[PDB]
Amino acid sequence: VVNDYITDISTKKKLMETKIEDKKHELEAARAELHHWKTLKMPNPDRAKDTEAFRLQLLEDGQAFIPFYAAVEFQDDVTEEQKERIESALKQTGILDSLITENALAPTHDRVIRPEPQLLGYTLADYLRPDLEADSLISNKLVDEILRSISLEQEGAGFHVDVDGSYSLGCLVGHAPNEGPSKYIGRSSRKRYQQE
Amino acid sequence: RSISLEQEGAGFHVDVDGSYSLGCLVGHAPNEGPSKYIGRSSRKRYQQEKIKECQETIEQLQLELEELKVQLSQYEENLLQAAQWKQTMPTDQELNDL
Amino acid sequence: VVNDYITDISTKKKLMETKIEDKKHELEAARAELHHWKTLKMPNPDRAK
């Protein structure tokens with residue numbers, strides 16, 4: 001009987017060993033994730049491998065380009081609610097990762113904001129100022145002009161992104177959902193995604 | 001029809017190869033796999049492929065679970081046989097009597 | 001000695017039980033998913049709630 005009891009206890013001790021193994025392994029997975037977040041430096045927006053291939057093609061071509069999130073930063077007076085609205089609309093439209101190009105480029109597997117004149121009504125340039133990165137190949141005057149390109153009123157069946165988050169894409173008109181505080185737009189925001 | 005299949009200058013159009021012009025913007029779409037959303041055939045293909053995946057997963061998991069049942073049954077038989085072993089264990093009856 | 005061996009066997013029985021739980025979690029989800037795809041109204045593109 002005593003050995004029956006101790007056998008049971010030994011089995012459960014083994015179960016304790018197994019769960020110690022399990023928790024060590026869970027802590028190792030958590031540790032690996034923690035290591036990944038600790039050695040992060042700058043997370044970028046959503047992309048497809050085709051867009052990366054195309055942008056490699058652009059680099060091989062030497063075309064002047066810089067992604068939008070890497071191109072602009074919000075102004076001081078633009079509090080977190082406004083940042084959220086503008087970044088959510090850009091992300092929903094995909095404009096967030098869209099490319100600003102010095103020349104009228106046509107993208108393959110990618111999107112380019114050609115500086116075609118969209119100088120009618122209010123624009124996002126009112127709220128945003130350019131923020132050029134270390135790899136910038138484009139001047140801020142053109143970027144500012146593109147910021148003016150993004151309109152805040154319907155161009156019929158055309159392109160615009162309002163401050164309240166609505167956007168028109170071709171025949172489409174849209175409004176963005178909640179996405180939380182800004183993480184991609186601005187130097188502070190890109191690092192912030194990493195910290196939580 | 002509000003969507004053209006030939007370049008409309010700076011205007012709005014979406015070509016067959018996936019390129020599109022939407023104002024000052026020009027874009028081209030990435031890989032998204034075979035059509036899944038547009039049309040009954042595409043939606044049904046999505047449904048059938050998802051169904052096939054889940055059916056194969058249920059089959060594999062059932063096979064593994066029946067294998068697990070076999071292992072557990074063998075382990076129970078082993079414990080039983082251990083108890084049976086206890087009975088077969090030698091006894092010192094003759095030596096103690098002597 | 002028999003009890004040393006039997007503790008190991010109990011452990012392996014326990015591992016089978018743990019993997020039975022595991023099969024329960026993957027296979028129950030697969031059954032639910034298969035029913036859902038049978039009851040698929042439509043495919044949903046990228047969306048927010």
# chains A, B, ... in the order shown; residues from 1 in each chain; ligands from 1
$ select_by_dssp --residues "range 37-194 of chain A" --states "strand (DSSP E or B)" --output "list in words"
residues 65, 66, 67, 72, 73, 74, 99, 100, 101, 111, 112, 113, 123, 128, 129, 130, 151, 160, 161, 166, 167, 168, 169, 172, 173, 174 and 175 of chain A
$ closest_atom_pairs --of "chain B" --to "chain C" --cutoff "12 Å" --atoms "only C-alpha atoms" --output "JSON lines"
{"residue": "B:32", "atom": "CA", "partner": "C:45", "partner_atom": "CA", "distance": 10.9}
{"residue": "B:35", "atom": "CA", "partner": "C:43", "partner_atom": "CA", "distance": 10.6}
{"residue": "B:36", "atom": "CA", "partner": "C:43", "partner_atom": "CA", "distance": 7.0}
{"residue": "B:37", "atom": "CA", "partner": "C:43", "partner_atom": "CA", "distance": 5.7}
{"residue": "B:38", "atom": "CA", "partner": "C:43", "partner_atom": "CA", "distance": 9.0}
{"residue": "B:39", "atom": "CA", "partner": "C:42", "partner_atom": "CA", "distance": 10.0}
{"residue": "B:40", "atom": "CA", "partner": "C:42", "partner_atom": "CA", "distance": 9.0}
{"residue": "B:41", "atom": "CA", "partner": "C:42", "partner_atom": "CA", "distance": 11.3}
{"residue": "B:42", "atom": "CA", "partner": "C:43", "partner_atom": "CA", "distance": 9.1}
{"residue": "B:43", "atom": "CA", "partner": "C:43", "partner_atom": "CA", "distance": 6.1}
{"residue": "B:44", "atom": "CA", "partner": "C:42", "partner_atom": "CA", "distance": 8.5}
{"residue": "B:45", "atom": "CA", "partner": "C:43", "partner_atom": "CA", "distance": 10.2}
{"residue": "B:46", "atom": "CA", "partner": "C:43", "partner_atom": "CA", "distance": 7.3}
{"residue": "B:47", "atom": "CA", "partner": "C:37", "partner_atom": "CA", "distance": 5.6}
{"residue": "B:48", "atom": "CA", "partner": "C:37", "partner_atom": "CA", "distance": 7.7}
{"residue": "B:49", "atom": "CA", "partner": "C:37", "partner_atom": "CA", "distance": 9.2}
{"residue": "B:50", "atom": "CA", "partner": "C:37", "partner_atom": "CA", "distance": 6.5}
{"residue": "B:51", "atom": "CA", "partner": "C:34", "partner_atom": "CA", "distance": 5.4}
{"residue": "B:52", "atom": "CA", "partner": "C:34", "partner_atom": "CA", "distance": 8.2}
{"residue": "B:53", "atom": "CA", "partner": "C:34", "partner_atom": "CA", "distance": 8.3}
{"residue": "B:54", "atom": "CA", "partner": "C:34", "partner_atom": "CA", "distance": 5.2}
{"residue": "B:55", "atom": "CA", "partner": "C:34", "partner_atom": "CA", "distance": 6.6}
{"residue": "B:56", "atom": "CA", "partner": "C:30", "partner_atom": "CA", "distance": 9.2}
{"residue": "B:57", "atom": "CA", "partner": "C:30", "partner_atom": "CA", "distance": 6.6}
{"residue": "B:58", "atom": "CA", "partner": "C:27", "partner_atom": "CA", "distance": 5.6}
{"residue": "B:59", "atom": "CA", "partner": "C:27", "partner_atom": "CA", "distance": 8.8}
{"residue": "B:60", "atom": "CA", "partner": "C:27", "partner_atom": "CA", "distance": 8.9}
{"residue": "B:61", "atom": "CA", "partner": "C:27", "partner_atom": "CA", "distance": 5.9}
{"residue": "B:62", "atom": "CA", "partner": "C:27", "partner_atom": "CA", "distance": 7.4}
{"residue": "B:63", "atom": "CA", "partner": "C:23", "partner_atom": "CA", "distance": 10.1}
{"residue": "B:64", "atom": "CA", "partner": "C:23", "partner_atom": "CA", "distance": 7.8}
{"residue": "B:65", "atom": "CA", "partner": "C:23", "partner_atom": "CA", "distance": 6.4}
{"residue": "B:66", "atom": "CA", "partner": "C:20", "partner_atom": "CA", "distance": 9.6}
{"residue": "B:67", "atom": "CA", "partner": "C:16", "partner_atom": "CA", "distance": 9.7}
{"residue": "B:68", "atom": "CA", "partner": "C:16", "partner_atom": "CA", "distance": 6.0}
{"residue": "B:69", "atom": "CA", "partner": "C:16", "partner_atom": "CA", "distance": 8.0}
{"residue": "B:70", "atom": "CA", "partner": "C:16", "partner_atom": "CA", "distance": 9.7}
{"residue": "B:71", "atom": "CA", "partner": "C:16", "partner_atom": "CA", "distance": 7.1}
{"residue": "B:72", "atom": "CA", "partner": "C:13", "partner_atom": "CA", "distance": 5.8}
{"residue": "B:73", "atom": "CA", "partner": "C:13", "partner_atom": "CA", "distance": 9.0}
{"residue": "B:74", "atom": "CA", "partner": "C:13", "partner_atom": "CA", "distance": 9.2}
{"residue": "B:75", "atom": "CA", "partner": "C:13", "partner_atom": "CA", "distance": 6.1}
{"residue": "B:76", "atom": "CA", "partner": "C:13", "partner_atom": "CA", "distance": 7.9}
{"residue": "B:77", "atom": "CA", "partner": "C:9", "partner_atom": "CA", "distance": 10.6}
{"residue": "B:78", "atom": "CA", "partner": "C:9", "partner_atom": "CA", "distance": 7.8}
{"residue": "B:79", "atom": "CA", "partner": "C:6", "partner_atom": "CA", "distance": 6.9}
{"residue": "B:80", "atom": "CA", "partner": "C:6", "partner_atom": "CA", "distance": 10.3}
{"residue": "B:81", "atom": "CA", "partner": "C:6", "partner_atom": "CA", "distance": 10.4}
{"residue": "B:82", "atom": "CA", "partner": "C:2", "partner_atom": "CA", "distance": 7.4}
{"residue": "B:83", "atom": "CA", "partner": "C:2", "partner_atom": "CA", "distance": 9.5}
{"residue": "B:84", "atom": "CA", "partner": "C:2", "partner_atom": "CA", "distance": 11.5}
{"residue": "B:85", "atom": "CA", "partner": "C:2", "partner_atom": "CA", "distance": 8.8}
{"residue": "B:86", "atom": "CA", "partner": "C:2", "partner_atom": "CA", "distance": 8.5}
{"residue": "B:89", "atom": "CA", "partner": "C:2", "partner_atom": "CA", "distance": 10.5}
$ interface_residues --of "chain A" --to "chain B" --cutoff "7 Å" --atoms "only C-alpha atoms" --output "PyMOL selection string"
chain A and resi 48+50-51+106-116+158-159+169-171
$ select_by_dssp --residues "range 31-64 of chain A" --states "alpha helix (DSSP H)" --output "compact mmCIF listing (two decimals) with N, CA, C and O atoms, in the first residue's frame"
# COMPACT_ATOMS: atom_id res chain seq x y z
N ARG A 31 10.93 34.12 -24.18
CA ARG A 31 12.24 34.73 -24.22
C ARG A 31 12.66 35.04 -25.65
O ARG A 31 13.24 36.08 -25.92
N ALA A 32 12.40 34.11 -26.57
CA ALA A 32 12.75 34.35 -27.97
C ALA A 32 11.96 35.53 -28.51
O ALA A 32 12.52 36.39 -29.21
N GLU A 33 10.66 35.59 -28.20
CA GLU A 33 9.85 36.73 -28.64
C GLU A 33 10.35 38.03 -28.02
O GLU A 33 10.42 39.07 -28.69
N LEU A 34 10.68 37.98 -26.73
CA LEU A 34 11.19 39.16 -26.04
C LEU A 34 12.50 39.61 -26.66
O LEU A 34 12.76 40.81 -26.78
N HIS A 35 13.36 38.66 -27.03
CA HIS A 35 14.60 38.98 -27.71
C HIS A 35 14.32 39.63 -29.05
O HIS A 35 15.00 40.59 -29.44
N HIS A 36 13.34 39.12 -29.78
CA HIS A 36 13.00 39.72 -31.07
C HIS A 36 12.56 41.16 -30.90
O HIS A 36 12.98 42.05 -31.65
N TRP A 37 11.70 41.43 -29.91
CA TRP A 37 11.28 42.80 -29.68
C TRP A 37 12.39 43.69 -29.12
O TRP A 37 12.47 44.87 -29.47
N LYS A 38 13.26 43.15 -28.27
CA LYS A 38 14.42 43.90 -27.80
C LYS A 38 15.40 44.26 -28.89
O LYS A 38 15.92 45.39 -28.87
N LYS A 49 5.56 40.55 -50.90
CA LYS A 49 6.88 40.25 -51.44
C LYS A 49 7.03 40.77 -52.86
O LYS A 49 8.15 41.06 -53.31
N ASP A 50 5.92 40.92 -53.58
CA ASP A 50 5.97 41.53 -54.91
C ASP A 50 6.34 43.00 -54.84
O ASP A 50 7.09 43.49 -55.69
N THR A 51 5.80 43.73 -53.86
CA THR A 51 6.21 45.12 -53.68
C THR A 51 7.69 45.22 -53.36
O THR A 51 8.39 46.11 -53.87
N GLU A 52 8.20 44.32 -52.52
CA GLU A 52 9.63 44.33 -52.24
C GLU A 52 10.45 44.04 -53.49
O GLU A 52 11.48 44.69 -53.74
N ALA A 53 10.00 43.09 -54.32
CA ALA A 53 10.71 42.80 -55.56
C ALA A 53 10.69 44.01 -56.49
O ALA A 53 11.71 44.35 -57.10
N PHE A 54 9.54 44.67 -56.59
CA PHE A 54 9.43 45.85 -57.43
C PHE A 54 10.33 46.97 -56.94
O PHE A 54 10.91 47.70 -57.75
N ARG A 55 10.41 47.16 -55.63
CA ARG A 55 11.21 48.25 -55.09
C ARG A 55 12.69 47.93 -55.26
O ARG A 55 13.51 48.84 -55.44
N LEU A 56 13.04 46.64 -55.25
CA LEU A 56 14.39 46.25 -55.62
C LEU A 56 14.65 46.58 -57.08
O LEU A 56 15.73 47.04 -57.45
N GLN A 57 13.64 46.37 -57.93
CA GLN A 57 13.73 46.76 -59.33
C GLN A 57 13.93 48.26 -59.47
O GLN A 57 14.74 48.72 -60.29
N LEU A 58 13.20 49.05 -58.68
CA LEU A 58 13.38 50.50 -58.69
C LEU A 58 14.79 50.87 -58.28
O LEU A 58 15.41 51.74 -58.90
N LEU A 59 15.31 50.23 -57.24
CA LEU A 59 16.67 50.50 -56.80
C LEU A 59 17.65 50.19 -57.92
O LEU A 59 18.58 50.97 -58.17
N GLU A 60 17.47 49.05 -58.59
CA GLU A 60 18.34 48.71 -59.71
C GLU A 60 18.24 49.76 -60.81
O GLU A 60 19.25 50.12 -61.43
N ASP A 61 17.03 50.26 -61.07
CA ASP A 61 16.82 51.37 -61.99
C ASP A 61 17.42 52.67 -61.47
O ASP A 61 17.79 53.53 -62.28
$ interface_residues --of "chain A" --to "chain C" --cutoff "10 Å" --atoms "only C-alpha atoms" --output "number ranges by chain"
A: 3-4, 6-15, 18, 92, 176-179
$ write_last_selection --atoms "N, CA, C and O atoms" --output "compact mmCIF listing (two decimals), in the first residue's frame"
# COMPACT_ATOMS: atom_id res chain seq x y z
N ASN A 3 3.77 1.57 -1.07
CA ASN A 3 4.45 1.65 -2.34
C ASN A 3 3.48 2.04 -3.44
O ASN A 3 3.85 2.72 -4.39
N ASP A 4 2.23 1.60 -3.34
CA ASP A 4 1.19 2.12 -4.24
C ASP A 4 1.08 3.63 -4.11
O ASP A 4 1.07 4.35 -5.12
N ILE A 6 3.28 5.74 -2.93
CA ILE A 6 4.51 6.38 -3.37
C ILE A 6 4.64 6.28 -4.88
O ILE A 6 5.23 7.15 -5.51
N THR A 7 4.15 5.20 -5.48
CA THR A 7 4.13 5.11 -6.94
C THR A 7 3.27 6.22 -7.51
O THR A 7 3.65 6.87 -8.49
N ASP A 8 2.10 6.44 -6.92
CA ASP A 8 1.24 7.53 -7.36
C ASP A 8 1.98 8.85 -7.23
O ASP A 8 1.97 9.69 -8.14
N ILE A 9 2.64 9.04 -6.08
CA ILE A 9 3.35 10.28 -5.82
C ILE A 9 4.51 10.44 -6.80
O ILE A 9 4.80 11.55 -7.26
N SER A 10 5.20 9.35 -7.10
CA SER A 10 6.28 9.39 -8.07
C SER A 10 5.76 9.75 -9.45
O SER A 10 6.40 10.53 -10.16
N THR A 11 4.62 9.20 -9.83
CA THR A 11 4.04 9.53 -11.12
C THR A 11 3.74 11.02 -11.17
O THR A 11 4.04 11.70 -12.16
N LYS A 12 3.12 11.54 -10.12
CA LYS A 12 2.78 12.95 -10.08
C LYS A 12 4.04 13.81 -10.01
O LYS A 12 4.05 14.93 -10.53
N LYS A 13 5.10 13.32 -9.37
CA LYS A 13 6.37 14.04 -9.38
C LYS A 13 6.88 14.11 -10.80
O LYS A 13 7.42 15.13 -11.23
N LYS A 14 6.74 13.01 -11.53
CA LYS A 14 7.14 12.99 -12.93
C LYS A 14 6.31 14.01 -13.68
O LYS A 14 6.81 14.66 -14.60
N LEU A 15 5.02 14.10 -13.36
CA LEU A 15 4.17 15.09 -13.98
C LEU A 15 4.68 16.49 -13.66
O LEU A 15 4.62 17.39 -14.50
N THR A 18 7.55 17.03 -15.93
CA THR A 18 7.07 17.30 -17.28
C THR A 18 6.57 18.73 -17.39
O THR A 18 6.84 19.42 -18.37
N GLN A 92 -5.84 52.15 -44.42
CA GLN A 92 -6.96 51.48 -45.09
C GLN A 92 -6.82 51.57 -46.60
O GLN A 92 -7.05 50.59 -47.31
N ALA A 176 -12.42 55.26 -42.62
CA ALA A 176 -11.55 54.30 -41.95
C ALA A 176 -12.05 53.91 -40.57
O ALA A 176 -12.80 54.68 -39.95
N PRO A 177 -11.70 52.72 -40.06
CA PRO A 177 -12.12 52.33 -38.71
C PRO A 177 -11.12 52.74 -37.64
O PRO A 177 -10.11 53.39 -37.94
N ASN A 178 -11.38 52.37 -36.39
CA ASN A 178 -10.43 52.58 -35.31
C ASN A 178 -9.20 51.70 -35.50
O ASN A 178 -9.32 50.51 -35.81
N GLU A 179 -8.01 52.28 -35.30
CA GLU A 179 -6.75 51.55 -35.36
C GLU A 179 -5.80 51.91 -34.22
O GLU A 179 -4.67 51.40 -34.18
$ closest_residue --among "A:79, A:149, A:154, A:63" --to "residue 104 in chain A" --atoms "only C-alpha atoms"
A:63
$ atom_distance --atom1 "CA of residue 93 in chain A" --atom2 "CA of residue 152 in chain A"
13.8 Å
$ atom_distance --atom1 "CA of residue 7 in chain B" --atom2 "CA of residue 143 in chain A"
24.9 Å
